[PDB]
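Below you'll find the structure, written out as structure tokens, and then a few comments.
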Amino acid sequence: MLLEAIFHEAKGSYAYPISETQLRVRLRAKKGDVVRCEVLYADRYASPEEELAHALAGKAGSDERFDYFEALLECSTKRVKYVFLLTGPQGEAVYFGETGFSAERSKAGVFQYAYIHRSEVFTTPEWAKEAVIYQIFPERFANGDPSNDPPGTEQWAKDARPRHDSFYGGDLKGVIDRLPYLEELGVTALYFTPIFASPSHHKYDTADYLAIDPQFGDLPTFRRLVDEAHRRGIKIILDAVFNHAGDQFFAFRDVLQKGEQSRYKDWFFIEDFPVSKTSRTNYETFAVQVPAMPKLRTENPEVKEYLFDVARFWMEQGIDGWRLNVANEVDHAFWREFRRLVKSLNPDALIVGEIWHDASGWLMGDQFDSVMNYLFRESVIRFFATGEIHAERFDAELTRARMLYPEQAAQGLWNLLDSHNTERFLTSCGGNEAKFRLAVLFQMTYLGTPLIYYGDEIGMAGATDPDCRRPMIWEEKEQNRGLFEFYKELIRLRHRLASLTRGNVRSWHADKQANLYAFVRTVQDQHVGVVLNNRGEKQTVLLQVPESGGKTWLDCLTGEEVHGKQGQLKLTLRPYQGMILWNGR
Ligand SMILES: OC[C@H]1O[C@@H]2O[C@H]3[C@H](O)[C@@H](O)[C@@H](O[C@H]4[C@H](O)[C@@H](O)[C@@H](O[C@H]5[C@H](O)[C@@H](O)[C@@H](O[C@H]6[C@H](O)[C@@H](O)[C@@H](O[C@H]7[C@H](O)[C@@H](O)[C@@H](O[C@H]8[C@H](O)[C@@H](O)[C@@H](O[C@H]1[C@H](O)[C@H]2O)O[C@@H]8CO)O[C@@H]7CO)O[C@@H]6CO)O[C@@H]5CO)O[C@@H]4CO)O[C@@H]3CO
Ligand SMILES: [Ca+2]
């Protein structure tokens, strides 16, 4: 077996505890190269003459090129030394340890996890483990208060087509009025984009981190929404824009005024004075040359404590969490501390990060709890919407992302389809509703936290920013209530099947020819199998289903009963159909 392709490290996403006494270990190797993987272990100070405990590493999944093996280690001592025993497709065995590969357990060495401190067990909020979040872009959801509209507000019609500077009147009062709709739908949390004082319609260019923007309301109205939402089982997550401030932020303006006499010049990255008010900025900003968004020096204690107080104040209004905008561009020390402050102020406040590349650095358990799953979106787009990838590539991409981080994080990844930064999924699907629904059926049953973008639930469409930010369709006859009900039902299933919210994932079938993909979620003795006929034609499959995990399943969407004959289940699905099979346990 190609030894150069065998990986593992006693830390990170390959070694970590899931309790003060249990260590999870994962190992990867070239696909099909290793057939069996066992973990021989013991206490670090245990005598050489003592008996080595065993542990069988299960084949947790396999992507395009790798096989992932996973096993659990019981460590009452909270200290452990372990070595792997890999067997090839032809009896060939070999030990794998910190020293290297040897046919003699001794010469291979033995990996070590020095100690499992209880304060380092990756822990995330319990409510966020089984949530369905709804993303609200305030300016475009509901105008409940006509009196606070910006000047030049355009019509709130379905044929409306926003500009980079348009305003429609969306406010917090509108949200509050819509809580019945949100509750009917079944969402358990609402993610808001920035809602703090700022001149734009997106408000990511913060003018005052301590005041709800005037066109959105006031502290009372906000407090009111938080309460009205809570009594309906709906939590509130706000968008923290800590990487940069808007050029209206008091501190920036003071610099713009007093130049390098400013008590706040080191709160930013100023290269020379005076500070530019042109198209050529002489201060660091978000992205490239974006005058309105100067970068905050979060490394500066002065700036850190301020932003931290901004956190305290909103946390004092009762919000349940944060989504950290452009988080990968602010220092780790800030986030570790931000975590200690947040989590001490409220143990159940969820911290979600927005990173557009491997986020394993912020997902060890001492910073964020999860992040936006842009990976889930790229896989879903290319599989369901554009048809650029088949069931087997889909399976792979899905699995590679699964192994990226520790389970605590993976379990809570915000699985989105689109955002206020992309074309609307239904549009990615070229208006094809059939394909659209299958993606939702998948999103609502897959591993992670499903995130619904306002309007998708009733059929809205649109190109990227700003056409994806159209005013919400509220007139019932202009809404696809058929879809609404579809969402509602799936949302009820997810809440009802513990498997769907707390189980693990395992591929079940993937025919690249038929383009049929299926997986199975499992928690304790419950099993739920999702079959997806992602093709425009009627098709028939035979899925391998040993009767140890049940010989009978029930299609949760239709109520049809299916049975296994000699360990094989034969299904027939209509074009673009998907069945959600519960094993009754
Ligand atoms: O004024 C700027 C901008 O501010 C706000 O944007 C915030 C946004 O809403 C938050 O979500 C977050 O953004 C993060 C984003 O969500 C992540 O996906 C990621 O972004 C990456 C992109 O995904 C990736 O595509 C790539 O981006 C490249 C583009 O693909 C490429 O086309 C090009 O983009 C240019 C645009 O085409 C062009 O229109 C122009 O952009 C203007 C916007 O059109 C306009 O709406 C506005 O945008 C606001 C926005 O509305 C606010 O919500 O002004 C823009 C110019 O000022 O110019 C673009 C390039 O100059 O090039 C990009 C660059 O590669 O990479 C990115 C980054 O990896 O990360 C984002 C940051 O975390 O935060 C922002 C800011 O707070
Ligand atoms: Ca308004």
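We name chains A, B, ... following the order of the structure tokens; residues begin at 1 in each chain, and ligands are numbered from 1 as shown.
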
Residues of chain A that approach ligand 1 to 6 Å or less, counting only C-alpha atoms and all ligand atoms: could you list each one with the shortest pair of atoms and its distance in Å to one decimal, rows by chain and increasing residue number, as a Markdown table?
| residue | atom | partner | partner_atom_place_in_ligand_line | distance |
| --- | --- | --- | --- | --- |
| A:164 | CA | ligand 1 | 46 (O) | 5.9 |
| A:202 | CA | ligand 1 | 53 (O) | 5.2 |
| A:204 | CA | ligand 1 | 77 (O) | 5.2 |
| A:290 | CA | ligand 1 | 57 (O) | 5.7 |
| A:325 | CA | ligand 1 | 74 (O) | 5.6 |
| A:326 | CA | ligand 1 | 73 (O) | 3.5 |
| A:356 | CA | ligand 1 | 19 (C) | 5.7 |
| A:421 | CA | ligand 1 | 9 (O) | 6.0 |
| A:465 | CA | ligand 1 | 46 (O) | 5.4 |

query = When DSSP works through the backbone of this structure, what residues of region 316-415 of chain A end up as strand (DSSP E), shown as a list in words?
reply = residues 321, 322, 323, 324, 350, 351, 352, 353, 370, 371, 414 and 415 of chain A

inquiry  = Distance limit 7 Å, reference ligand 2, atoms considered: only C-alpha atoms and all ligand atoms. Which residues make the cut? Give them as an NGL selection string.
reply    = :A and (143-149 or 169-171 or 215-216)

Residues of the last selection are to be written out with N, CA, C and O atoms, as a CSV table (one decimal), in the first residue's frame.
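Output saved as part03.csv:
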chain,number,residue,atom,x,y,z
A,143,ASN,N,-41.9,46.6,4.8
A,143,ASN,CA,-42.0,48.0,5.2
A,143,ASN,C,-43.2,48.2,6.2
A,143,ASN,O,-44.3,48.5,5.7
A,144,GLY,N,-43.0,47.9,7.4
A,144,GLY,CA,-44.1,48.0,8.4
A,144,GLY,C,-44.3,49.4,8.9
A,144,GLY,O,-45.4,49.7,9.5
A,145,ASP,N,-43.4,50.3,8.7
A,145,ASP,CA,-43.5,51.7,9.1
A,145,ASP,C,-43.1,52.6,7.9
A,145,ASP,O,-41.9,52.8,7.6
A,146,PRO,N,-44.1,53.1,7.2
A,146,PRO,CA,-44.0,54.0,6.1
A,146,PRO,C,-43.3,55.4,6.4
A,146,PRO,O,-42.7,56.0,5.6
A,147,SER,N,-43.5,55.8,7.7
A,147,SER,CA,-43.0,57.0,8.2
A,147,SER,C,-41.4,57.1,8.3
A,147,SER,O,-40.9,58.3,8.3
A,148,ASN,N,-40.7,56.0,8.3
A,148,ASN,CA,-39.3,56.1,8.4
A,148,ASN,C,-38.6,55.8,7.1
A,148,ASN,O,-37.4,55.6,7.1
A,149,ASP,N,-39.3,55.8,6.0
A,149,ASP,CA,-38.7,55.5,4.7
A,149,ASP,C,-37.6,56.5,4.3
A,149,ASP,O,-37.7,57.7,4.5
A,169,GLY,N,-37.9,50.8,1.7
A,169,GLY,CA,-38.6,51.0,3.0
A,169,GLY,C,-38.6,49.9,4.0
A,169,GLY,O,-39.2,50.1,5.1
A,170,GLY,N,-37.9,48.8,3.7
A,170,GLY,CA,-37.9,47.7,4.7
A,170,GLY,C,-37.4,48.1,6.1
A,170,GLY,O,-36.4,48.8,6.2
A,171,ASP,N,-38.1,47.7,7.1
A,171,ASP,CA,-37.7,48.1,8.5
A,171,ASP,C,-38.0,46.9,9.5
A,171,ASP,O,-38.6,45.9,9.1
A,215,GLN,N,-33.9,54.4,9.6
A,215,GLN,CA,-34.9,53.9,8.6
A,215,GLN,C,-35.3,52.5,9.0
A,215,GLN,O,-36.3,52.0,8.4
A,216,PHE,N,-34.7,51.9,10.0
A,216,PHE,CA,-35.0,50.5,10.4
A,216,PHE,C,-35.8,50.5,11.8
A,216,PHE,O,-36.4,49.6,12.1

For the contact check between region 181-282 of chain A and region 301-311 of chain A, emit one row per residue of region 181-282 of chain A within 12 Å, containing the shortest atom pair and the distance in Å rounded to one decimal, counting only C-alpha atoms, chain then rising number order, as a Markdown table.
| residue | atom | partner | partner_atom | distance |
| --- | --- | --- | --- | --- |
| A:196 | CA | A:310 | CA | 11.0 |
| A:206 | CA | A:307 | CA | 11.9 |
| A:208 | CA | A:310 | CA | 9.8 |
| A:209 | CA | A:310 | CA | 6.4 |
| A:210 | CA | A:310 | CA | 6.4 |
| A:211 | CA | A:310 | CA | 9.9 |
| A:238 | CA | A:311 | CA | 10.2 |
| A:239 | CA | A:311 | CA | 10.8 |
| A:240 | CA | A:311 | CA | 8.5 |
| A:241 | CA | A:307 | CA | 9.5 |
| A:242 | CA | A:307 | CA | 7.0 |
| A:243 | CA | A:307 | CA | 10.0 |
| A:244 | CA | A:307 | CA | 10.8 |
| A:245 | CA | A:307 | CA | 10.5 |
| A:251 | CA | A:303 | CA | 9.9 |
| A:252 | CA | A:303 | CA | 11.9 |
| A:263 | CA | A:302 | CA | 10.4 |
| A:264 | CA | A:302 | CA | 9.0 |
| A:265 | CA | A:303 | CA | 11.1 |
| A:266 | CA | A:303 | CA | 9.1 |
| A:267 | CA | A:303 | CA | 6.2 |
| A:268 | CA | A:303 | CA | 9.1 |

Mind running region 487-537 of chain A against region 129-138 of chain A at 9 Å and telling me each contacting residue's nearest atom pair with the distance in Å (one decimal), counting only C-alpha atoms, chain and number ascending, as a tab-separated table?
residue	atom	partner	partner_atom	distance
A:491	CA	A:132	CA	7.6
A:494	CA	A:130	CA	8.3
A:495	CA	A:130	CA	7.2
A:498	CA	A:130	CA	8.6
A:500	CA	A:130	CA	8.5
A:501	CA	A:130	CA	5.0
A:502	CA	A:129	CA	6.9

inquiry  = Given only C-alpha atoms as the basis, pick out the residue of A:466, A:186, A:58, A:125 nearest to residue 365 (chain A).
reply    =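 Among A:466, A:186, A:58, A:125, it is A:125 that comes nearest to residue 365 (chain A).
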
request  = Check region 267-454 of chain A with DSSP on the backbone and list each residue it calls alpha helix (DSSP H), as a PyMOL selection string.
outcome  = chain A and resi 301-315+332-345+374-380+391-402+407-410+425-428+433-443

query = What gap, in Å, lies between CA of residue 446 (chain A) and CA of residue 350 (chain A)?
reply = 20.3 Å

inquiry  = Would you pick out the contacts of residue 454 (chain A) at 12 Å or less, using only C-alpha atoms, so that residues sharing its chain but fewer than 4 positions from it are not included, and give the list as a ChimeraX atom specification?
reply    = /A:133-142,175,178,181-182,185,187,190-193,416-420,424-425,458-461,468-474,484

Kindly save the residues from that selection, with N, CA, C and O atoms included, as a compact mmCIF listing (two decimals), in the first residue's frame.
# COMPACT_ATOMS: atom_id res chain seq x y z
N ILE A 133 -32.48 28.30 9.99
CA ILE A 133 -32.38 29.75 10.02
C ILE A 133 -32.89 30.44 8.76
O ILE A 133 -32.77 29.93 7.64
N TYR A 134 -33.45 31.63 8.96
CA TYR A 134 -34.00 32.41 7.86
C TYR A 134 -33.22 33.73 7.77
O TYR A 134 -33.12 34.48 8.75
N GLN A 135 -32.64 34.01 6.61
CA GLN A 135 -31.88 35.24 6.45
C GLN A 135 -32.73 36.42 5.99
O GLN A 135 -33.33 36.38 4.92
N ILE A 136 -32.77 37.47 6.81
CA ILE A 136 -33.53 38.69 6.54
C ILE A 136 -32.58 39.83 6.13
O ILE A 136 -31.65 40.17 6.87
N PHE A 137 -32.82 40.41 4.95
CA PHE A 137 -32.05 41.57 4.47
C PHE A 137 -33.10 42.66 4.70
O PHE A 137 -33.92 42.95 3.84
N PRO A 138 -33.07 43.27 5.89
CA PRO A 138 -33.98 44.32 6.36
C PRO A 138 -34.61 45.31 5.38
O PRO A 138 -35.84 45.42 5.32
N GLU A 139 -33.79 46.02 4.62
CA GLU A 139 -34.29 47.01 3.67
C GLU A 139 -35.27 46.45 2.62
O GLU A 139 -36.04 47.20 2.02
N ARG A 140 -35.25 45.13 2.43
CA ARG A 140 -36.09 44.49 1.42
C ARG A 140 -37.13 43.46 1.87
O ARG A 140 -37.80 42.86 1.03
N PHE A 141 -37.28 43.25 3.17
CA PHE A 141 -38.22 42.25 3.63
C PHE A 141 -39.63 42.76 3.86
O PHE A 141 -40.58 42.22 3.30
N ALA A 142 -39.78 43.81 4.66
CA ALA A 142 -41.11 44.34 4.97
C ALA A 142 -41.12 45.78 5.47
O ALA A 142 -40.43 46.12 6.43
N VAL A 175 -40.67 43.45 10.04
CA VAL A 175 -40.31 42.11 10.48
C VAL A 175 -41.34 41.69 11.50
O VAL A 175 -42.09 40.76 11.26
N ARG A 178 -44.43 40.46 10.40
CA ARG A 178 -44.33 39.19 9.68
C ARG A 178 -43.99 37.96 10.50
O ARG A 178 -43.91 36.85 9.96
N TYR A 181 -45.91 34.79 9.77
CA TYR A 181 -45.48 34.12 8.54
C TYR A 181 -44.23 33.29 8.81
O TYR A 181 -44.16 32.11 8.46
N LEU A 182 -43.25 33.92 9.44
CA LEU A 182 -42.01 33.27 9.80
C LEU A 182 -42.28 32.05 10.69
O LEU A 182 -41.70 30.98 10.49
N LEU A 185 -44.06 29.17 8.81
CA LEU A 185 -43.04 28.53 8.00
C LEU A 185 -42.22 27.56 8.83
O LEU A 185 -41.81 26.53 8.32
N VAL A 187 -39.29 28.51 10.91
CA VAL A 187 -37.91 28.87 11.16
C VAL A 187 -37.69 29.03 12.66
O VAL A 187 -38.61 29.40 13.38
N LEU A 190 -33.46 33.84 13.09
CA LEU A 190 -33.41 34.78 11.99
C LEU A 190 -32.04 35.38 11.95
O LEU A 190 -31.56 35.88 12.97
N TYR A 191 -31.37 35.32 10.80
CA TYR A 191 -30.06 35.96 10.66
C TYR A 191 -30.32 37.28 9.95
O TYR A 191 -30.95 37.31 8.88
N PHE A 192 -29.89 38.39 10.56
CA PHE A 192 -30.07 39.72 9.98
C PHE A 192 -28.74 40.19 9.41
O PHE A 192 -27.68 39.86 9.95
N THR A 193 -28.79 40.93 8.31
CA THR A 193 -27.55 41.49 7.79
C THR A 193 -27.34 42.74 8.67
O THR A 193 -28.07 42.93 9.64
N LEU A 416 -26.18 27.09 2.84
CA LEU A 416 -26.99 27.98 2.04
C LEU A 416 -27.07 27.61 0.55
O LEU A 416 -26.29 26.79 0.05
N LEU A 417 -28.03 28.23 -0.14
CA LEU A 417 -28.22 28.01 -1.56
C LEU A 417 -27.79 29.27 -2.28
O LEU A 417 -27.24 29.23 -3.39
N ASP A 418 -28.04 30.41 -1.63
CA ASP A 418 -27.74 31.72 -2.20
C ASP A 418 -27.65 32.76 -1.10
O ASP A 418 -27.79 32.44 0.07
N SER A 419 -27.41 34.01 -1.48
CA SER A 419 -27.33 35.09 -0.50
C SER A 419 -27.58 36.44 -1.16
O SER A 419 -27.98 36.50 -2.32
N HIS A 420 -27.37 37.51 -0.39
CA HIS A 420 -27.55 38.87 -0.89
C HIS A 420 -26.36 39.23 -1.75
O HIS A 420 -26.14 40.40 -2.08
N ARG A 424 -30.29 34.35 -7.52
CA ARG A 424 -31.16 33.50 -6.71
C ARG A 424 -31.13 32.06 -7.22
O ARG A 424 -31.21 31.82 -8.42
N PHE A 425 -31.02 31.09 -6.31
CA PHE A 425 -30.94 29.69 -6.74
C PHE A 425 -31.92 29.28 -7.82
O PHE A 425 -31.54 28.59 -8.77
N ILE A 458 -41.08 31.34 -1.33
CA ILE A 458 -42.31 31.58 -2.07
C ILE A 458 -42.10 31.81 -3.56
O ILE A 458 -43.01 32.29 -4.24
N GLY A 459 -40.91 31.47 -4.06
CA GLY A 459 -40.62 31.57 -5.49
C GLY A 459 -39.90 32.75 -6.13
O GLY A 459 -39.86 32.85 -7.35
N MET A 460 -39.33 33.65 -5.35
CA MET A 460 -38.64 34.79 -5.94
C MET A 460 -37.41 34.40 -6.76
O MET A 460 -36.75 33.40 -6.48
N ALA A 461 -37.12 35.21 -7.78
CA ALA A 461 -35.96 34.99 -8.65
C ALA A 461 -35.19 36.29 -8.87
O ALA A 461 -35.66 37.38 -8.51
N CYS A 468 -30.82 40.38 -6.74
CA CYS A 468 -31.19 39.33 -5.79
C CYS A 468 -31.76 39.96 -4.53
O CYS A 468 -32.25 39.27 -3.65
N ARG A 469 -31.68 41.28 -4.46
CA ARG A 469 -32.18 42.02 -3.32
C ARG A 469 -33.49 42.74 -3.69
O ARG A 469 -33.65 43.94 -3.43
N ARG A 470 -34.42 42.02 -4.31
CA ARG A 470 -35.69 42.63 -4.68
C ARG A 470 -36.63 42.69 -3.49
O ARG A 470 -36.44 41.98 -2.51
N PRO A 471 -37.64 43.57 -3.55
CA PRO A 471 -38.58 43.66 -2.43
C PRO A 471 -39.41 42.38 -2.36
O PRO A 471 -39.90 41.89 -3.38
N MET A 472 -39.53 41.82 -1.16
CA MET A 472 -40.28 40.60 -0.91
C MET A 472 -41.69 40.63 -1.49
O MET A 472 -42.36 41.66 -1.44
N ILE A 473 -42.15 39.50 -2.04
CA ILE A 473 -43.50 39.41 -2.60
C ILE A 473 -44.44 38.99 -1.47
O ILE A 473 -44.30 37.89 -0.94
N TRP A 474 -45.38 39.86 -1.09
CA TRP A 474 -46.30 39.53 0.00
C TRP A 474 -47.71 39.26 -0.46
O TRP A 474 -48.48 38.63 0.27
N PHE A 484 -44.19 27.11 -0.68
CA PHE A 484 -44.29 27.45 0.73
C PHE A 484 -44.66 26.22 1.55
O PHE A 484 -44.06 25.93 2.58

query = Looking at only C-alpha atoms, which of A:6, A:401, A:116, A:52 is the one that sits closest to residue 18 (chain A)?
reply =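 Using only C-alpha atoms, the shortest distance to residue 18 (chain A) belongs to A:116.
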
key: Pairwise distance for CA of residue 219 (chain A) and CA of residue 236 (chain A), rounded to one decimal in Å   = 14.4 Å
